[PDB]
Amino acid sequence: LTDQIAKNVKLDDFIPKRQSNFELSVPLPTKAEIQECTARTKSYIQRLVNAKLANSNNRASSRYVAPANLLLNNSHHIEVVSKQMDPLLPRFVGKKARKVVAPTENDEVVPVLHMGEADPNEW
Amino acid sequence: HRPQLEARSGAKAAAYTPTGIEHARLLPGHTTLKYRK
Amino acid sequence: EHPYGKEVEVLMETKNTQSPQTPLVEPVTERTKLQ
Amino acid sequence: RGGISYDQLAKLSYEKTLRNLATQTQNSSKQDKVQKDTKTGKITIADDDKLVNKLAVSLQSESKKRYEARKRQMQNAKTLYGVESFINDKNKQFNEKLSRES
Amino acid sequence: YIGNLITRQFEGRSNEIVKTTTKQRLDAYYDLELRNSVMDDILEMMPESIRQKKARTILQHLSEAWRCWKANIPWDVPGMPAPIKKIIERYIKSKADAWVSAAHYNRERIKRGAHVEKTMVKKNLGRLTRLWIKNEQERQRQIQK
Amino acid sequence: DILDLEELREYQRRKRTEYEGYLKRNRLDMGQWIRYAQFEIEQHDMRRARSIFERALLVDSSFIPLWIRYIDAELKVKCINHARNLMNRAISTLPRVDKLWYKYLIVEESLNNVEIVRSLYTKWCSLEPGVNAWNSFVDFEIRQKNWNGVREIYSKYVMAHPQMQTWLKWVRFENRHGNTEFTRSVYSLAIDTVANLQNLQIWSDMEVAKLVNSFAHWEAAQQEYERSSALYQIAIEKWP
Amino acid sequence: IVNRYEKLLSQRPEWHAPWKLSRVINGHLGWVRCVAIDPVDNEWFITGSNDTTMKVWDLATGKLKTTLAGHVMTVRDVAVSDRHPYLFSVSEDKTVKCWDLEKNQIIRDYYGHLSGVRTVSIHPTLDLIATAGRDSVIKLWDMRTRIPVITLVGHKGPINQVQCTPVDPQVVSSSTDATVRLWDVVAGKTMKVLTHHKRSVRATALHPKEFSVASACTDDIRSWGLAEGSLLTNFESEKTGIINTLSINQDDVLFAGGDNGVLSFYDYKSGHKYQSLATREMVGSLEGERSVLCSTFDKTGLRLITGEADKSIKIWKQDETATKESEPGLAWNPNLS
Amino acid sequence: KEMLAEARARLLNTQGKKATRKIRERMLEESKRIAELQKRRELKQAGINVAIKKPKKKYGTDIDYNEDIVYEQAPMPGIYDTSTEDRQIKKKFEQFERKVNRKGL
Amino acid sequence: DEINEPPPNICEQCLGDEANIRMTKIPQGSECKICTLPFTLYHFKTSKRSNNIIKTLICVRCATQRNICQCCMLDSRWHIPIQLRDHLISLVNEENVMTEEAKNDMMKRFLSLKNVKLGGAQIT
RNA sequence: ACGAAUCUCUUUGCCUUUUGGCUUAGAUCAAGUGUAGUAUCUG
RNA sequence: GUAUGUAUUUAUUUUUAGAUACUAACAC
Ligand SMILES: [Zn+2]
Ligand SMILES: [Zn+2]
């Protein structure tokens, strides 16, 4: 049953790896590996920024910027189409400032793992 | 009923819905970066 | 001075060299503009 | 002389409850498993209803005793020291903390 | 403008509203950063346990040491762990230097006589009289020694 | 006081609005959380109490009294399995805090189940906590039998705390139980490990002195002056 | 477990040379909170201050080039850019100001922190900024459009120190809840948590090569491998507390600035401490004012620059005599932990 | 003796203008509660049953803590699979409320 | 991004016998009938010429948690009212699996954000 | 004879209802005055 | 020549003189 009890925490997390052999080499992350993370991250951030600059109230700010649905078994397919808003009416009919308390969903526990008498008379 | 004892976590403000008011200082300015050699 | 006294240069700086307008990073002009 | 770190203290309390428990066992002598489903990993452990009630009663009892003793120190604490001037109870208590600081 | 007026009229005003530091609320923020910065240190020197009681207490000792620094009173606590006294002496020396430098700066701004607020004149006067008396007491003590 | 149901119902609403007011304003001040959960217990409603506690932990999990009262809230209402799951959460959060492990141990032994405490202490040993834990663990086995086991336990223990008084406890066990055969062999097992690794220098000289005197002196108690003086004599050679 | 202790006695680590004091520069009115160095030419410093200014010192002679004002309160952090001619400064006034090194004037202001912002780090390849402070969140700013693109919710307290890395975890952060998180920004959630510190982690530094980080606390300076997120090593430290800053030379020397004024140099590989110094306070200072607020090495790594709480910058040079005659430091005795 | 009595009066009170006011205002509120309660008891003695009122809503999103679990944080999942103890609990709880409807605490 | 990315959940029933369908997507529509938070809305018409118009009421989250259809609000598989399927399931076992729901506001506004997946849903 | 338990009291340990911010100490400083509503003290 | 705050449920949910007084947008 020993497996179940403190199942998460385990010894080898407390012990440092380089103390066995110094000079055990942690490689810096090559080159063509960073040219990847840089690519995907760059694209993602562009998606956020362009996603924002087309939101807000400036016909000015937009100059600095697919059926796609197989529903269920795809039987009925679909075609998805945006609707042009009456420019006067509010775009985003449902955007309204409201405050929300989010829950904190804790799936697992992160063990907090660390390694007076006369002292109080000092402190 | 006085002083801070804490600060406000930005986490809270992260979950709210945006208003979309347009401020004066976020109007586009210095719109082009500069790269070194 | 004496707190260090030998090798150490104790220098007290006020005012400025390099009048404030100077670029502090030189703009690279690739072409030479005669205009 | 002295303070005690929160570890040694923890050990001492553990020992204390061990002694108390062993006395319940001896006096009880004087008066006279693990199954885990395949479907879910939920473990189940057979229990005696006795000793569980005895446990709850032990916890409640000790809480009562602590609460009472502290309460008596409440009573004596305020009735002992009438020397200096005080506006309210809380003042007197604060100044007794000043007596502890000496 | 009217964009903001109406989008605020349908969608309500923003709940976040962070608010910047300006001429009026500056000193408050300076206080605040300071008391926090002392909390960190004096929590990290201590060996283990106690926080909130000793928090409020130690920060009170800060305030009292500041007042006693304005009044030129030496501020010894009859007993107190030395390292904490090192720390509080440090931060109060810091705040002192900032305060003095603000007094000089505002004075030499008034000598030119350019847009000083009605109160800043009064306050600045106060800081200068404090400083002047400190110079006086210094001169007298140094004459005794 | 309260009369009918709808009377009580308000008495809940009001108190709760006061509480969650003061907790709305102060996320900290755990006293208030503890008293509030305590209230929802005195209303015989557990679910609410548990929610209150869980929140109080999401705020701060490093304040143990909160943990302990949240355990005893489940025990006192005779809900055990909850007080188990809660424990594997607790110690797994804070494996260094001793009070947690000891508490879970006691709660297990008051239920007489000795296998769970056995595997428990095993795990609590694997993390190499310190002398108090191990000592409490052999003092566990003494309440049991495991005279075969307690040897293995001391084995692990002396490998994880290579100091004299650990070995001195080891032999003091046998001599307390008087068995001579193993005693001699183990006294041998200490000294040759000393001189074997002694170049590694961790054992202090005075330590060596106290260890020699124990084995030689005890052999003198066994009337093996030949053997005793033999040992002591080798010790002269191996040392300045 | 003794087997580990033997395996600590085989290595006999990594000789280095001691350090000494080359130069003292007065000239700030308040404390010196932060220091950064021109990443290309090594021609200068930018030093924050507690007087709100920033004074650009020449590295060669130590003379003062220019002064950059513009913040109303103390400047906790300063960071200069590689690819750009930009300087991002950040303060307790809730604001992150860009600076165009060409014309020496504020270009942009980034807005949106709730309170004082104690750290800026400039992502190497993305044209981002990472800022953090008592908000308890890390804000990833788009450098061009001043839009706080991503926000990283996480630590349960203030955030002291933040770093950026080109591959995974692209942001490393350290907070007063005594943790260090390794972030995955695209998904926007913690990739790994490192809890091993017992108190506020007040300083970190990235090794310029090995792709690891050195984290600090009161008495214990650990190291951490990135990628996997393993522990790598520990560093031998009796009470040095409090560790205000760390800096890693290209030679695998790990500096540790004290609040007791002690300069504790380490080898990075081993964990050994080969030197400890004590600074001289100053002519009229207090014994309390002797401490080390920040520090860095030049691009070479043969000079060290430490702002101190005595209102002075000190420049520590590595001795050229040294070798084995008498360098030897404390000489590698691994006490039991 | 007059100014001494007055001195004795001022030195013993630290309540303050706002604090004294909140004490007395709280007394007023509790009095109002007592009044409404005994109203309901008297009307009950005549058989007419009237429910208590919720004190409106200060602001739009205001919460009534009685009506629902405020923020329900599940304790966790866990290996020991309680699932029985919950039954005994609910039995004890419904027992409690089923008592209050009669003996009335 | 977060709101768009999950695709809609629609029954095959109410979506009609037409082979290919044109549906409109509004990036902020009404709030849920449930959680009271914004989301993305979808028109469509069963027939091309049918006068009646179908409008997804609830979120994707507030649906997925309950495992129902956004237009119908019937169970995604059995085409059953939520208040029923949990009664059938509750018939097996004994007493459980009732879906407890969210009075006040930020009770519900809160609740929709957790990943729980609901009492009723888990069996289906 | 000592081991063990309950109750009571005293001493040590733990602190229990035991001072929660900044600015020019944040600034200032009395018989003060007439009449009037209402409380109540004495023959 | 007081902000501000609380409450405003009507239409019926199944079983003998005055002294010491407090105060007053009321009279320098
Ligand atoms: Zn919804
Ligand atoms: Zn449908």
# chains A, B, ... in the order shown; residues from 1 in each chain; ligands from 1
call {"tool": "residues_around", "arguments": {"residues": "residue 36 (chain A)", "least_positions_apart": "4", "cutoff": "12 Å", "atoms": "only C-alpha atoms (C1' of nucleotides)", "output": "number ranges by chain"}}
result
A: 29-32, 40-43; G: 125-126, 166-168
call {"tool": "select_by_dssp", "arguments": {"residues": "chain B", "states": "helix (DSSP H, G or I)", "output": "PyMOL selection string"}}
result
chain B and resi 10-15
call {"tool": "closest_atom_pairs", "arguments": {"of": "chain I", "to": "ligand 1", "cutoff": "7 Å", "atoms": "only C-alpha atoms and all ligand atoms", "output": "CSV"}}
result
residue,atom,partner,partner_atom_place_in_ligand_line,distance
I:31,CA,ligand 1,1 (Zn),6.8
I:32,CA,ligand 1,1 (Zn),4.5
I:34,CA,ligand 1,1 (Zn),5.6
I:35,CA,ligand 1,1 (Zn),4.0
I:36,CA,ligand 1,1 (Zn),5.9
I:37,CA,ligand 1,1 (Zn),5.6
I:58,CA,ligand 1,1 (Zn),5.4
I:59,CA,ligand 1,1 (Zn),3.9
I:60,CA,ligand 1,1 (Zn),6.8
I:61,CA,ligand 1,1 (Zn),6.0
I:62,CA,ligand 1,1 (Zn),4.4
I:112,CA,ligand 1,1 (Zn),6.2
call {"tool": "interface_residues", "arguments": {"of": "chain G", "to": "chain E", "cutoff": "7 Å", "atoms": "only C-alpha atoms", "output": "ChimeraX atom specification"}}
result
/G:93-94,112,114,218,288-289
call {"tool": "residues_near_ligand", "arguments": {"ligand": "ligand 2", "cutoff": "8 Å", "atoms": "only C-alpha atoms (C1' of nucleotides) and all ligand atoms", "output": "count of residues only"}}
result
12
call {"tool": "closest_atom_pairs", "arguments": {"of": "chain G", "to": "chain B", "cutoff": "10 Å", "atoms": "only C-alpha atoms", "output": "Markdown table"}}
result
| residue | atom | partner | partner_atom | distance |
| --- | --- | --- | --- | --- |
| G:81 | CA | B:36 | CA | 9.4 |
| G:82 | CA | B:36 | CA | 7.7 |
| G:83 | CA | B:36 | CA | 5.3 |
| G:84 | CA | B:35 | CA | 4.8 |
| G:85 | CA | B:36 | CA | 5.8 |
| G:86 | CA | B:34 | CA | 8.4 |
| G:100 | CA | B:34 | CA | 9.2 |
| G:107 | CA | B:30 | CA | 7.2 |
| G:108 | CA | B:30 | CA | 7.7 |
| G:109 | CA | B:25 | CA | 8.6 |
| G:110 | CA | B:26 | CA | 9.1 |
| G:111 | CA | B:26 | CA | 9.0 |
| G:112 | CA | B:10 | CA | 9.6 |
| G:113 | CA | B:10 | CA | 7.8 |
| G:114 | CA | B:10 | CA | 6.9 |
| G:115 | CA | B:7 | CA | 8.2 |
| G:127 | CA | B:33 | CA | 9.3 |
| G:134 | CA | B:7 | CA | 6.9 |
| G:135 | CA | B:10 | CA | 5.2 |
| G:136 | CA | B:9 | CA | 5.6 |
| G:137 | CA | B:10 | CA | 5.9 |
| G:138 | CA | B:10 | CA | 9.0 |
| G:139 | CA | B:10 | CA | 9.7 |
| G:143 | CA | B:33 | CA | 8.4 |
| G:144 | CA | B:33 | CA | 6.5 |
| G:145 | CA | B:31 | CA | 7.1 |
| G:146 | CA | B:26 | CA | 7.6 |
| G:147 | CA | B:26 | CA | 8.6 |
| G:150 | CA | B:14 | CA | 9.9 |
| G:151 | CA | B:14 | CA | 7.4 |
| G:152 | CA | B:11 | CA | 8.2 |
| G:153 | CA | B:11 | CA | 5.5 |
| G:154 | CA | B:11 | CA | 7.9 |
| G:155 | CA | B:9 | CA | 9.5 |
| G:156 | CA | B:9 | CA | 8.2 |
| G:157 | CA | B:9 | CA | 8.0 |
| G:158 | CA | B:7 | CA | 8.5 |
call {"tool": "write_last_selection", "arguments": {"atoms": "N, CA, C and O atoms", "output": "short mmCIF file (atom, residue, chain, number, x, y, z; two decimals), in the first residue's frame"}}
result
data_model
loop_
_atom_site.label_atom_id
_atom_site.label_comp_id
_atom_site.auth_asym_id
_atom_site.auth_seq_id
_atom_site.Cartn_x
_atom_site.Cartn_y
_atom_site.Cartn_z
N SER G 81 18.43 46.90 -24.23
CA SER G 81 18.08 45.94 -25.26
C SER G 81 19.23 45.63 -26.16
O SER G 81 20.09 46.46 -26.40
N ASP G 82 19.25 44.41 -26.69
CA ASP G 82 20.29 44.00 -27.66
C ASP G 82 19.94 44.48 -29.05
O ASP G 82 20.56 45.41 -29.57
N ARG G 83 18.90 43.89 -29.62
CA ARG G 83 18.50 44.16 -30.97
C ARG G 83 18.04 45.56 -31.24
O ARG G 83 18.01 46.00 -32.39
N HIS G 84 17.65 46.26 -30.19
CA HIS G 84 17.05 47.58 -30.32
C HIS G 84 17.95 48.59 -29.68
O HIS G 84 18.76 48.25 -28.82
N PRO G 85 17.82 49.85 -30.06
CA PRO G 85 18.52 50.89 -29.35
C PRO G 85 17.65 51.45 -28.23
O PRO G 85 17.54 52.65 -28.09
N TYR G 86 17.02 50.57 -27.45
CA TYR G 86 16.03 51.01 -26.47
C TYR G 86 16.48 50.65 -25.08
O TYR G 86 17.21 49.70 -24.88
N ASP G 100 14.52 56.01 -25.84
CA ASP G 100 15.16 55.86 -27.13
C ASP G 100 16.57 56.34 -26.96
O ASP G 100 16.83 57.50 -26.71
N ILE G 107 9.99 57.52 -25.11
CA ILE G 107 9.19 57.23 -26.25
C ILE G 107 7.82 56.75 -25.85
O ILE G 107 6.82 57.39 -26.18
N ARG G 108 7.77 55.65 -25.10
CA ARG G 108 6.51 55.00 -24.81
C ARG G 108 6.30 54.78 -23.34
O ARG G 108 7.24 54.65 -22.60
N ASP G 109 5.05 54.73 -22.93
CA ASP G 109 4.70 54.36 -21.60
C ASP G 109 3.78 53.18 -21.70
O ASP G 109 2.81 53.21 -22.42
N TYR G 110 4.05 52.16 -20.91
CA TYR G 110 3.16 51.02 -20.82
C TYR G 110 2.35 51.16 -19.57
O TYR G 110 2.86 51.56 -18.54
N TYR G 111 1.06 50.84 -19.65
CA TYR G 111 0.15 51.18 -18.55
C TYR G 111 -0.60 49.97 -18.09
O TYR G 111 -0.86 49.06 -18.88
N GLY G 112 -1.00 49.96 -16.84
CA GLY G 112 -1.78 48.83 -16.44
C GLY G 112 -1.33 48.02 -15.26
O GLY G 112 -2.02 47.06 -14.90
N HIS G 113 -0.25 48.39 -14.60
CA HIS G 113 0.03 47.75 -13.33
C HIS G 113 -0.78 48.38 -12.22
O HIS G 113 -1.01 49.57 -12.24
N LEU G 114 -1.23 47.58 -11.26
CA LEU G 114 -1.93 48.12 -10.11
C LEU G 114 -1.01 48.83 -9.15
O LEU G 114 -1.46 49.73 -8.47
N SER G 115 0.25 48.42 -9.09
CA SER G 115 1.17 48.99 -8.14
C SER G 115 2.59 48.74 -8.54
O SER G 115 2.83 48.13 -9.56
N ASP G 127 10.66 40.70 -29.39
CA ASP G 127 10.18 42.09 -29.25
C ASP G 127 9.05 42.19 -28.25
O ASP G 127 8.03 42.74 -28.51
N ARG G 134 4.41 44.24 -7.41
CA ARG G 134 3.54 43.88 -6.31
C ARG G 134 2.14 43.50 -6.78
O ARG G 134 1.35 43.03 -5.99
N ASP G 135 1.84 43.71 -8.06
CA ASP G 135 0.60 43.18 -8.63
C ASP G 135 0.41 41.71 -8.29
O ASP G 135 -0.70 41.27 -8.15
N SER G 136 1.51 40.97 -8.20
CA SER G 136 1.53 39.52 -8.18
C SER G 136 1.15 38.89 -9.49
O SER G 136 0.70 37.77 -9.51
N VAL G 137 1.36 39.60 -10.59
CA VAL G 137 1.23 39.00 -11.91
C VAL G 137 2.31 39.53 -12.83
O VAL G 137 2.88 40.62 -12.60
N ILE G 138 2.61 38.73 -13.86
CA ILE G 138 3.62 39.05 -14.83
C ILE G 138 2.94 39.50 -16.07
O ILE G 138 2.09 38.78 -16.58
N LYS G 139 3.31 40.68 -16.55
CA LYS G 139 2.68 41.24 -17.73
C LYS G 139 3.61 41.21 -18.90
O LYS G 139 4.73 41.73 -18.81
N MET G 143 5.98 45.26 -27.40
CA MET G 143 6.86 46.40 -27.40
C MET G 143 6.38 47.48 -28.33
O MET G 143 6.61 48.62 -28.09
N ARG G 144 5.73 47.11 -29.42
CA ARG G 144 5.38 48.11 -30.44
C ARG G 144 4.10 48.86 -30.11
O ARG G 144 4.10 50.10 -30.09
N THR G 145 3.05 48.10 -29.81
CA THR G 145 1.73 48.67 -29.65
C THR G 145 1.31 48.96 -28.24
O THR G 145 0.21 49.40 -28.02
N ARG G 146 2.19 48.69 -27.29
CA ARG G 146 1.97 48.97 -25.88
C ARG G 146 0.75 48.27 -25.34
O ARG G 146 0.07 48.79 -24.47
N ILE G 147 0.48 47.07 -25.85
CA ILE G 147 -0.68 46.30 -25.42
C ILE G 147 -0.22 45.18 -24.49
O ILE G 147 0.60 44.36 -24.88
N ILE G 150 -0.22 39.41 -22.81
CA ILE G 150 -0.51 38.24 -21.98
C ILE G 150 -0.30 38.60 -20.52
O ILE G 150 0.55 39.44 -20.17
N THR G 151 -1.10 38.00 -19.66
CA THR G 151 -0.95 38.16 -18.23
C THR G 151 -0.82 36.79 -17.62
O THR G 151 -1.56 35.88 -17.97
N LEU G 152 0.12 36.63 -16.70
CA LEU G 152 0.40 35.32 -16.12
C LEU G 152 0.00 35.30 -14.68
O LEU G 152 0.71 35.80 -13.81
N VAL G 153 -1.16 34.73 -14.39
CA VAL G 153 -1.61 34.64 -13.01
C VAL G 153 -0.94 33.43 -12.44
O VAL G 153 -0.63 32.48 -13.17
N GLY G 154 -0.71 33.43 -11.13
CA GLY G 154 0.25 32.47 -10.55
C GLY G 154 0.59 32.81 -9.12
O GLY G 154 -0.24 32.56 -8.28
N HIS G 155 1.75 33.42 -8.86
CA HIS G 155 2.26 33.52 -7.53
C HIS G 155 1.28 34.18 -6.59
O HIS G 155 0.55 35.06 -6.99
N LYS G 156 1.33 33.75 -5.34
CA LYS G 156 0.45 34.23 -4.32
C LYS G 156 1.01 35.43 -3.60
O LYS G 156 0.47 35.83 -2.57
N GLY G 157 2.07 36.03 -4.10
CA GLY G 157 2.57 37.24 -3.49
C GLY G 157 3.31 38.08 -4.49
O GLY G 157 3.28 37.78 -5.67
N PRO G 158 3.96 39.15 -4.03
CA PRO G 158 4.73 39.99 -4.93
C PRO G 158 5.75 39.24 -5.71
O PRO G 158 6.15 38.17 -5.30
#
call {"tool": "select_by_dssp", "arguments": {"residues": "region 209-273 of chain G", "states": "strand (DSSP E)", "output": "PyMOL selection string"}}
result
chain G and resi 212-215+222-225+243-248+253-258+262-267+273
call {"tool": "closest_atom_pairs", "arguments": {"of": "chain H", "to": "chain D", "cutoff": "12 Å", "atoms": "only C-alpha atoms", "output": "tab-separated table"}}
result
residue	atom	partner	partner_atom	distance
H:8	CA	D:87	CA	9.7
H:9	CA	D:87	CA	9.9
H:10	CA	D:87	CA	9.9
H:11	CA	D:87	CA	7.2
H:12	CA	D:87	CA	4.6
H:13	CA	D:87	CA	7.0
H:14	CA	D:87	CA	8.4
H:15	CA	D:88	CA	11.0
H:77	CA	D:42	CA	9.9
H:78	CA	D:42	CA	7.9
H:79	CA	D:42	CA	5.2
H:80	CA	D:43	CA	4.8
H:81	CA	D:42	CA	4.9
H:82	CA	D:44	CA	7.9
H:83	CA	D:42	CA	9.8
H:84	CA	D:44	CA	10.0
H:85	CA	D:44	CA	11.9
call {"tool": "closest_atom_pairs", "arguments": {"of": "chain B", "to": "chain E", "cutoff": "8 Å", "atoms": "only C-alpha atoms", "output": "tab-separated table"}}
result
residue	atom	partner	partner_atom	distance
B:4	CA	E:32	CA	7.8
B:13	CA	E:16	CA	5.9
B:16	CA	E:15	CA	7.8
B:18	CA	E:14	CA	7.3
B:19	CA	E:14	CA	5.4
B:20	CA	E:7	CA	7.6
B:21	CA	E:4	CA	5.5
B:22	CA	E:4	CA	6.4
call {"tool": "write_last_selection", "arguments": {"atoms": "N, CA and C atoms", "output": "CSV table (one decimal), in the first residue's frame"}}
result
chain,number,residue,atom,x,y,z
B,4,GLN,N,-2.2,49.0,4.7
B,4,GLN,CA,-2.4,48.0,3.6
B,4,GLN,C,-2.4,46.5,3.9
B,13,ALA,N,-8.5,41.3,-11.6
B,13,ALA,CA,-8.7,42.1,-12.8
B,13,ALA,C,-8.5,41.3,-14.1
B,16,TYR,N,-12.1,39.7,-15.2
B,16,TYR,CA,-13.3,40.6,-15.5
B,16,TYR,C,-13.5,40.7,-17.0
B,18,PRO,N,-13.9,43.0,-20.4
B,18,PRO,CA,-13.4,44.3,-20.8
B,18,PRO,C,-14.5,45.3,-21.0
B,19,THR,N,-14.2,46.6,-20.7
B,19,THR,CA,-15.2,47.6,-21.1
B,19,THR,C,-15.0,48.1,-22.5
B,20,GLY,N,-13.8,48.4,-22.9
B,20,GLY,CA,-13.6,48.9,-24.3
B,20,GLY,C,-13.6,50.5,-24.4
B,21,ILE,N,-13.5,51.2,-23.3
B,21,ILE,CA,-13.3,52.6,-23.4
B,21,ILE,C,-12.0,52.9,-24.1
B,22,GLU,N,-11.9,54.0,-24.9
B,22,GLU,CA,-10.8,54.4,-25.6
B,22,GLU,C,-10.1,55.5,-25.0
call {"tool": "decode", "arguments": {"residues": "region 199-212 of chain G", "atoms": "N, CA, C and O atoms", "output": "PDB file, in the first residue's frame"}}
result
ATOM      1  N   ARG G 199      11.959  30.633   1.938  1.00  0.00           N
ATOM      2  CA  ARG G 199      11.498  32.008   2.161  1.00  0.00           C
ATOM      3  C   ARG G 199      11.508  32.767   0.862  1.00  0.00           C
ATOM      4  O   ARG G 199      11.734  32.165  -0.178  1.00  0.00           O
ATOM      5  N   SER G 200      11.275  34.066   0.884  1.00  0.00           N
ATOM      6  CA  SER G 200      11.200  34.825  -0.352  1.00  0.00           C
ATOM      7  C   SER G 200      12.406  34.635  -1.236  1.00  0.00           C
ATOM      8  O   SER G 200      13.523  34.718  -0.748  1.00  0.00           O
ATOM      9  N   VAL G 201      12.181  34.376  -2.520  1.00  0.00           N
ATOM     10  CA  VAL G 201      13.252  34.254  -3.457  1.00  0.00           C
ATOM     11  C   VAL G 201      13.470  35.606  -4.036  1.00  0.00           C
ATOM     12  O   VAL G 201      12.735  36.088  -4.883  1.00  0.00           O
ATOM     13  N   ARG G 202      14.533  36.226  -3.602  1.00  0.00           N
ATOM     14  CA  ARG G 202      14.705  37.596  -3.853  1.00  0.00           C
ATOM     15  C   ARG G 202      15.624  37.857  -5.016  1.00  0.00           C
ATOM     16  O   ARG G 202      15.652  38.981  -5.486  1.00  0.00           O
ATOM     17  N   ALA G 203      16.321  36.855  -5.528  1.00  0.00           N
ATOM     18  CA  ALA G 203      17.152  37.114  -6.684  1.00  0.00           C
ATOM     19  C   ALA G 203      17.317  35.916  -7.588  1.00  0.00           C
ATOM     20  O   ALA G 203      17.366  34.820  -7.077  1.00  0.00           O
ATOM     21  N   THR G 204      17.404  36.134  -8.899  1.00  0.00           N
ATOM     22  CA  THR G 204      17.810  35.069  -9.791  1.00  0.00           C
ATOM     23  C   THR G 204      18.840  35.546 -10.787  1.00  0.00           C
ATOM     24  O   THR G 204      19.037  36.719 -10.902  1.00  0.00           O
ATOM     25  N   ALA G 205      19.488  34.629 -11.503  1.00  0.00           N
ATOM     26  CA  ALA G 205      20.320  34.990 -12.629  1.00  0.00           C
ATOM     27  C   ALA G 205      20.385  33.836 -13.610  1.00  0.00           C
ATOM     28  O   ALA G 205      20.413  32.693 -13.192  1.00  0.00           O
ATOM     29  N   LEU G 206      20.454  34.139 -14.897  1.00  0.00           N
ATOM     30  CA  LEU G 206      20.595  33.107 -15.906  1.00  0.00           C
ATOM     31  C   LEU G 206      22.050  32.891 -16.264  1.00  0.00           C
ATOM     32  O   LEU G 206      22.785  33.829 -16.551  1.00  0.00           O
ATOM     33  N   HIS G 207      22.473  31.639 -16.260  1.00  0.00           N
ATOM     34  CA  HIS G 207      23.820  31.327 -16.716  1.00  0.00           C
ATOM     35  C   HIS G 207      23.907  31.634 -18.189  1.00  0.00           C
ATOM     36  O   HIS G 207      23.088  31.165 -18.949  1.00  0.00           O
ATOM     37  N   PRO G 208      24.896  32.433 -18.602  1.00  0.00           N
ATOM     38  CA  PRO G 208      24.984  32.814 -20.018  1.00  0.00           C
ATOM     39  C   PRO G 208      25.130  31.671 -21.025  1.00  0.00           C
ATOM     40  O   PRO G 208      24.932  31.895 -22.199  1.00  0.00           O
ATOM     41  N   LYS G 209      25.441  30.459 -20.568  1.00  0.00           N
ATOM     42  CA  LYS G 209      25.670  29.295 -21.456  1.00  0.00           C
ATOM     43  C   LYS G 209      24.822  28.070 -21.117  1.00  0.00           C
ATOM     44  O   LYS G 209      23.958  27.694 -21.894  1.00  0.00           O
ATOM     45  N   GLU G 210      25.069  27.447 -19.969  1.00  0.00           N
ATOM     46  CA  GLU G 210      24.479  26.169 -19.597  1.00  0.00           C
ATOM     47  C   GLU G 210      22.962  26.062 -19.639  1.00  0.00           C
ATOM     48  O   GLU G 210      22.460  24.952 -19.498  1.00  0.00           O
ATOM     49  N   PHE G 211      22.229  27.156 -19.831  1.00  0.00           N
ATOM     50  CA  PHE G 211      20.740  27.084 -19.838  1.00  0.00           C
ATOM     51  C   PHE G 211      20.198  26.529 -18.515  1.00  0.00           C
ATOM     52  O   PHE G 211      19.639  25.447 -18.416  1.00  0.00           O
ATOM     53  N   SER G 212      20.455  27.318 -17.489  1.00  0.00           N
ATOM     54  CA  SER G 212      20.039  27.046 -16.149  1.00  0.00           C
ATOM     55  C   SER G 212      19.901  28.413 -15.474  1.00  0.00           C
ATOM     56  O   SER G 212      20.220  29.459 -16.044  1.00  0.00           O
TER      57      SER G 212
END
